[PDB]
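Peer 1: Attaching a single structure in structure tokens format; questions to follow.
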Amino acid sequence: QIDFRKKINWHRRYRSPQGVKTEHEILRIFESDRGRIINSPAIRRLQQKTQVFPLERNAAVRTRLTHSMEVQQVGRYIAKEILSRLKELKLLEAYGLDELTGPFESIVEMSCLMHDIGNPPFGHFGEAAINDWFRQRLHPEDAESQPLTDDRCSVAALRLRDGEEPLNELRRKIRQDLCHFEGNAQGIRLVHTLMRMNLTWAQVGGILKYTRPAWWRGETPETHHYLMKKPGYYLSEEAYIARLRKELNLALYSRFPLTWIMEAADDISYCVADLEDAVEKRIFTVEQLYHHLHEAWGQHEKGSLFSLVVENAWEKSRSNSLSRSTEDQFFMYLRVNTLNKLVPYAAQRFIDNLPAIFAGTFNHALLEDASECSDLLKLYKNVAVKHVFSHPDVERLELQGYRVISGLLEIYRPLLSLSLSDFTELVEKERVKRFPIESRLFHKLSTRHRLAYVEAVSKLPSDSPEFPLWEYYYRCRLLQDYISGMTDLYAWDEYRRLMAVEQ
Amino acid sequence: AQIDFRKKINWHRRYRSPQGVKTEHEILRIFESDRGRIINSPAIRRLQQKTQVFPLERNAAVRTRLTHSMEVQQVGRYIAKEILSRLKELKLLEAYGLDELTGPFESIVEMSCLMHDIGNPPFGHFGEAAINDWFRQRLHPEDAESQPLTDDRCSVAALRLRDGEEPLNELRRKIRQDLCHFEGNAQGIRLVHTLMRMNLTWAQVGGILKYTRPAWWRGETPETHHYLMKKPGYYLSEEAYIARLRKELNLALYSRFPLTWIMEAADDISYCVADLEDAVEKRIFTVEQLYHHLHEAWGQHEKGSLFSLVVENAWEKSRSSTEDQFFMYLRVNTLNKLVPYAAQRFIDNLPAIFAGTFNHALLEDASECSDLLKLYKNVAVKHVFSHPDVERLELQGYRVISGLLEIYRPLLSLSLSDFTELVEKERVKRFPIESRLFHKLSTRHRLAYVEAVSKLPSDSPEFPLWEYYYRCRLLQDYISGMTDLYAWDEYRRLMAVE
Ligand SMILES: [Mn+2]
Ligand SMILES: [Mn+2]
């Protein structure tokens, strides 16, 4: 049975409110979440991480932040559309949404703003740099099935040792987890553990995009192949996601229902803006873009999406009043026409499949990989892939980012090439006499990250035989937190500085 | 009169407008269109590289004009939601014509918040200083305050009050005064209508008409409107458009759109706390020292005063992260007292605010709530805005914009016939520098100059006066549309140091 009062959970993990609360009181809780996010440093840092182009002098080109804002507006429209559609069907009160219209919209909007919040400095390639660096260090595949005669893991405490013990199972998970950094999983870790934001359960469910655990080592079940596409949460947040599943009535591996909407807003906004920026960067003219889109659509008919959306924008751009630029006019109507077709479709799909979406078990996206709407989105991606993401300036930035994050990890390698007693001594005494380098390296790590390491390790049972395994897991999480929390420019700056090349 | 917001929340447009019935849902979709136009505008994106108080950092820990505008948007949202909730509790929502405009009402406020500072020139208050100073020395608007004077210090022949047989001197008077009162709020109206051609809804544009004084105003403003006419609100170049707007929004002369008080209140609130949070991040003073500076600057300290309920409270929560805890609850405690006060003030004065004639702010002195804000401001002035890094940036920004204007003097030091020849033939043989300088001007600005000039009657004796005005707006558009970093770059590039 569908009752959104049971999914839109306004409680918090810490210092929680309890007890009935009016519509207006519930409104205030979710607006509090809004203020927490908007004033978060993690949101402000998005204006200096890059979205496709190198982020140059005139802010003409999008950043992770301005992209998110554009995405947030698409998510707002879908939510408004779903709700409006439901009011006309008379299902509003029946679905328990009559006193939750605002929060429903707000949760979607903030989840849009908050994708990419856990993304490392150079996007897809920073993740790559992290996971590649730890794979050569941990070799999780040599921990697949029972000890290997010669384990290539660099760490004594993690080596799959002597054909015995369950720990081998914990080692199996730790090694896999640390080699599957994923921005979405880091986002949950960020809003809960690092920033200590104390969001509502509903809000955090909205950024839990995938439900596969990072330590998962096999093929995902046939029934959940889509919701488990990428890792969604880390080993370190397993207890927290457990409490979240209970609070949001999630089965294991089930998704929060508003996540499908944010996912659709991502899918829509994923590309068009990058073409507009490509025209700004003078890569091709708007005229050339129309023909690249005309060519890649192929099977052309009077009546198709192409005709109704992208051909429409091309004609409007030719002979307009409102003294607007041709390119301004083309892209404005490319954006609007795309929204007018793709938002209602996403909203309807949400409603048509609301039972499985509510249960969180619906193994599909709103813009289903089959549909004609997904074909329009594939159209934009095909052009962007062959003509924008391949541009040398973009590709070089990707090369540069990979070397920067890779090199940074080596600079902090000393902190990992240390025994437990050694690293622990560095945590208690601020100045360790015989470890001058590791000392100073330790203090560069942001205070929030060191605090989360101390807090996590202190919650462990001191005497357990798995303690050194857990400590190392948290030590690595400490470093990955520090790196992934940087901006593109900060990480570039620290790299050059710690190799001594700035003044 | 009587209060009906169906008459203020005007969803028509200036160009290619919608007319005809429109259901509640349709009107919502119109106002959601404005949202998409604004959020996707380059002019909002340029806000992430214009500075809000502190120099830009390599890790964006510090606020920019964009992050600041987002915080202001959230405060505006709350005040709007609060007014609507109070009004439903009073049973006045349908009574005031708002029951089908709840959405738009909130959205117009939210966007107006995001869109203040959109017209601000690069280095903020000081780019404004640079522009007005540079044109003051070229146009000397005070030398047209009365009868023509024998020695008109205006550098422009056609703008000197010639001899003494004209109402053309009256237009000269306005042009000279207008061009020396560049004001970001007035530039914002120009930007969203003429330059970006966003074709926003009348209500949405009325929301950013913050002040009602024309930039060409030369004397003392009336006692009944001294607050609404504090700073200039629109330029001579937009006079006719602001006339269409006043009609569409049912504004008397010098009257304000009612939702502007809400945006204005959100600005006043989130204006200062964030800068203190940043001051602590940059390790200028500790949160402990900051507490004591606030205790001391509150002077007359006592009881269960607003200090005790808001800042002393936030100090206590922080003693059990520390800086985050203090500022999280400092912002929150401040909102919880000041947003309802504004929502109350707005409803308590809704007749005058609806007529648009209320000569006060929603907060405005008197109140203990304004005393709280003044406390944040007084501490920020004595301890943050006085920091040398801030003051150096303000010095540098002033030189940059001043120098940039001097680099483009040649475009201004040209006759009409010469400048016009430069607009048609792109290559003018004998003007190599002026030619190349002219092309550096953004296409959107050049295009707005052409449209402006073409609407004029060619034969008129005032034509050369208008062209110089539009030529000057052309330069001011170009400069004010830049970001902090681009302007610094262009300065260095054109002075040749890269
Ligand atoms: Mn995205
Ligand atoms: Mn402001």
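Peer 1: Only residues that are hydrophobic (A, V, I, L, M, F, W, C), more than 10 Å from chain B (Cβ to nearest Cβ) and at negative phi: list them for segment A:18-41, please. Can you show your working first?
Peer 2: To start, the set of residues in segment A:18-41 that are hydrophobic (A, V, I, L, M, F, W, C) comprises A:20, A:26-27, A:29-30, A:37-38.
In the following step, the residues that additionally are more than 10 Å from chain B (Cβ to nearest Cβ) were identified as A:20, A:26, A:29-30.
Correct list: A:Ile26, A:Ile29, A:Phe30.
Residue by residue, here is whether (1) of a type in the set (D, E, K, R); (2) in contact with a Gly (Cβ under 9 Å, 6 or more places away or on another chain); (3) closer than 30 Å to A:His291 by Cα holds:
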position	(1), (2), (3)
A:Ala346	no, no, yes
A:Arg349	yes, no, no
A:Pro355	no, no, no
A:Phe358	no, no, no
A:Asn363	no, no, no
A:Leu366	no, no, yes
A:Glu372	yes, no, yes
A:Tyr380	no, no, yes
A:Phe389	no, no, yes
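Peer 1: Moving to a separate point now. Of the residues that sit in segment A:324-383 and are farther than 30 Å from A:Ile8 by Cβ and among the aromatic types (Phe, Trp, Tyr), which one is nearest to the other protein chains (Cβ to nearest Cβ)?
Peer 2: In this case the residue turns out to be A:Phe331.
Peer 1: Out of all the residues in segment A:105-115, which are within 12 Å of ligand 1 (Cβ to nearest atom) and either aromatic (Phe, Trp, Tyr) or within 14 Å of chain B (Cβ to nearest Cβ) (or both)?
Peer 2: A:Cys112, A:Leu113, A:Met114
Peer 1: Out of (1) assigned to a helix (DSSP H, G or I); (2) within 14 Å of chain A (Cβ to nearest Cβ), what's the single condition that is false for B:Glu498?
Peer 2: Single failed check for B:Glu498: (1).
Peer 1: Return the only residue of B:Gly219, B:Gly164, B:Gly206, B:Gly184 being within 20 Å of B:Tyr449 (Cα to Cα) and small (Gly, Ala, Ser). Give the derivation first.
Peer 2: Numbers: B:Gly219 fails: within 20 Å of B:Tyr449 (Cα to Cα); B:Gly164 fails: within 20 Å of B:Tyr449 (Cα to Cα); B:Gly206 fails: within 20 Å of B:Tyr449 (Cα to Cα).
After ruling out the rest, the residue left standing is B:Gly184.
Peer 1: Separate question: Within segment A:254-289, track down each residue that is assigned to a helix (DSSP H, G or I) and away from ligand 1 (no atom under 16 Å from the Cβ).
Peer 2: Hits for segment A:254-289 are A:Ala278, A:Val279, A:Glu280, A:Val286, A:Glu287, A:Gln288, A:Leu289.
Peer 1: Then there's this: Pairs only if they're at least six apart or on different chains, beta carbon under 8 angstrom, first in segment A:193-211 and closer than 22 Å to A:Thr223 by Cα and assigned by CATH to the domain that holds A:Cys112, second surrounded by fewer than 22 Cβ atoms within 10 Å (Cβ to Cβ) and small (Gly, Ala, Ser); list them, first residue then second.
Peer 2: From segment A:193-211, the pairs are A:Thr211/A:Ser254.
Peer 1: Which residues, taken from segment A:450-471, are within 12 Å of chain B (Cβ to nearest Cβ) and surrounded by 14 or more Cβ atoms within 10 Å (Cβ to Cβ)?
Peer 2: Correct list: A:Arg450, A:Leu451, A:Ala452.
Okay, residues lined up against (1) closer than 27 Å to A:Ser323 by Cβ; (2) touching a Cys at 6+ places or on another chain (Cβ under 6 Å); (3) surrounded by 23 or more Cβ atoms within 10 Å (Cβ to Cβ):
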{"site": "B:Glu142", "(1), (2), (3)": "no, no, no"}
{"site": "B:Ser146", "(1), (2), (3)": "no, no, no"}
{"site": "B:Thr150", "(1), (2), (3)": "no, no, no"}
{"site": "B:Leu161", "(1), (2), (3)": "no, no, no"}
{"site": "B:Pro167", "(1), (2), (3)": "no, no, no"}
{"site": "B:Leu171", "(1), (2), (3)": "yes, no, no"}
{"site": "B:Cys180", "(1), (2), (3)": "no, no, no"}
{"site": "B:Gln187", "(1), (2), (3)": "yes, no, yes"}
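Peer 1: Return a yes/no flag: does segment B:258-269 have any residue that is farther than 20 Å from B:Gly119 by Cβ and away from ligand 2 (no atom under 16 Å from the Cβ).
Peer 2: Checked segment B:258-269: at least one residue is farther than 20 Å from B:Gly119 by Cβ and away from ligand 2 (no atom under 16 Å from the Cβ).
Peer 1: State the number of residues belonging to segment B:185-244 that are out of contact with any strand residue (DSSP E or B) (no Cβ under 7 Å at 6 or more places or on another chain), among the polar types (S, T, N, Q) and within 21 Å of B:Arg45 (Cβ to Cβ).
Peer 2: The total comes to 3.
Peer 1: Would it be correct to say that A:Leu308 is more than 25 Å from B:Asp34 (Cβ to Cβ), out of contact with any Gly (no Cβ under 8 Å at 6 or more places or on another chain) and away from every other protein chain (no Cβ under 14 Å)?
Peer 2: No, not satisfied.
Peer 1: Further, regarding this structure: Just to be sure before I move on: is B:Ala95 more than 16 Å from ligand 1 (Cβ to nearest atom), within 13 Å of chain A (Cβ to nearest Cβ) and among the hydrophobic types (A, V, I, L, M, F, W, C) in the structure I sent?
Peer 2: No; evaluated as a whole, the condition is false for this residue.
Peer 1: Go through (1) more than 18 Å from the chain's Cα centre (by Cα); (2) within 16 Å of ligand 1 (Cβ to nearest atom); (3) of a type outside the set (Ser, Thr, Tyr) and name the single condition B:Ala80 misses.
Peer 2: (2)
Peer 1: Please work out if A:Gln51 is surrounded by fewer than 23 Cβ atoms within 10 Å (Cβ to Cβ), within 16 Å of ligand 1 (Cβ to nearest atom), within 18 Å of the chain's Cα centre (by Cα) and more than 10 Å from every other protein chain (Cβ to nearest Cβ).
Peer 2: In short, yes.
Peer 1: Would you call A:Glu141 over 28 Å from A:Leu478 (Cβ atoms), among the acidic types (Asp, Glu) and assigned to a helix (DSSP H, G or I)? Reasoning before the result, please.
Peer 2: On the way: over 28 Å from A:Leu478 (Cβ atoms): no; among the acidic types (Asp, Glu): yes; assigned to a helix (DSSP H, G or I): yes.
So A:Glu141 does not fit the description; no.
Peer 1: Moving on. Hey, any hits in segment A:71-85 for a residue that's within 14 Å of chain B (Cβ to nearest Cβ) and in contact with a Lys or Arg (Cβ under 7 Å, 6 or more places away or on another chain)?
Peer 2: Looking for residues that are within 14 Å of chain B (Cβ to nearest Cβ) and in contact with a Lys or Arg (Cβ under 7 Å, 6 or more places away or on another chain), one finds at least one in segment A:71-85, hence yes.
Peer 1: Right, something else. Given the condition assigned to a loop (DSSP other than H, G, I, E, B), more than 16 Å from ligand 2 (Cβ to nearest atom) and in the same structural domain as A:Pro103 (by CATH), answer yes or no: does some residue in segment A:290-299 qualify?
Peer 2: no
Peer 1: Another question about this same structure. Has segment B:356-367 got at least one residue that is in a helix (DSSP H, G or I), of a type outside the set (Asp, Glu) and more than 21 Å from the chain's Cα centre (by Cα)?
Peer 2: No - not one qualifying residue is present in segment B:356-367.
Peer 1: Only one of these is of a type in the set (S, T, N, Q), farther than 18 Å from A:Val155 by Cβ and assigned to a helix (DSSP H, G or I): A:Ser406, A:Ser421, A:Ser462. Name it. Talk me through it step by step, then tell me what you get.
Peer 2: Numbers: A:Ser421 fails: farther than 18 Å from A:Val155 by Cβ; A:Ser462 fails: assigned to a helix (DSSP H, G or I).
Answer to the check: A:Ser406.
Numbers and lists here come from the model and the stated rules, or from a named source; no laboratory instrument gave them. Ideal geometry is used to build each Cβ from the backbone, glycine not excepted, and the neighbour counts take in all protein chains shown.
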